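This document starts with one chain, in the form deposited in one PDB entry, laid out as structure tokens.
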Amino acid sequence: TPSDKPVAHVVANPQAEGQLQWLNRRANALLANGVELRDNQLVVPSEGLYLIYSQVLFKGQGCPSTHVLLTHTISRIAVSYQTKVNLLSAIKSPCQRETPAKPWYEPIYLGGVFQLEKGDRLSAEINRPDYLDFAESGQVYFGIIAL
């Protein structure tokens, strides 16, 4: 008998270069037991503890003049407070200095366990989609597992 636990693993659309579009319709991506992907946001079907997790990968060929600051954030939009509450966040400076030009790879991973309500809208956002790496699949994903 299949599991009744809400789950979801959405992935970046690799053709949507310049955005971070989460897909559920894509091979090895998934929504189940009530979880929805609406408006680039996961929608929690029922209260409980969820494991939330996301990976994003950044890439640049060399370091430019302006300082590069990469951020990744999992936000929450509750029905009783319909403004983004940050759940998880992290920030990486992949460049110490400007190149006087080998390629760099900055992943950002966020995971934790949080209490969610029914109708919670979860988003996972980055500041610089132009540095996202869609070179092969599996690298950029966002997902939840009810515990």
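Just count from 1 along the sequence shown to find any residue number. If you superpose the two forms and keep the largest set of C-alpha atoms that fall within 1.5 Å, you have the rigid core.
S.K.: Does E106 go missing in at least one third of the other entries compared here?
M.R.: No.
S.K.: Please determine whether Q55 lacks coordinates in at least a third of the other PDB entries of this protein that model its flanking residues.
M.R.: Negative; every one of those entries includes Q55.
S.K.: With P100 and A101 adjacent in the shown sequence, let me know how many deposited residues between them lack coordinates: none, 1 to 3, 4 to 9, or 10 or more.
M.R.: Unresolved stretch here: 4 to 9 residues.
S.K.: Taking the recorded C-alpha temperature factors, which stretch has the higher mean, 8 to 16 or 132 to 140?
M.R.: The recorded data point to 132 to 140.
S.K.: On mean C-alpha B-factor from the PDB entry, just flag whether 26 to 34 or 102 to 110 is the higher one.
M.R.: Mean B over CA atoms: larger for 102 to 110.
S.K.: Can you tell me which of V56, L51, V85, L42 has the maximum CA B-factor listed in the PDB entry?
M.R.: So the option with the highest C-alpha B-factor is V85.
The same protein also has a form deposited in another entry, omitted here; what follows describes it.
S.K.: At a threshold of 2 angstroms on the CA positions, core aligned, which residue out of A90, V113, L69, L30 shifts between this form and the one not shown?
M.R.: The only residue crossing the 2 Å threshold is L30.
S.K.: Once the two forms are fit on the core, has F134 moved its CA by at least 2 Å between this form and the one not shown?
M.R.: Yes, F134 moves 2 Å or more.
S.K.: Compare the CA separation of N28 and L88 in the other entry with the one in the displayed structure, and answer closer or farther (the difference is at least 3 Å).
M.R.: Pair moves farther apart in the other entry.
S.K.: Is the CA-CA spacing of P107 and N28 tighter or wider in the other entry than here, given a 3 Å or more change?
M.R.: Farther is correct, given that in the other entry the C-alpha spacing of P107 to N28 is increased by at least 3 Å.
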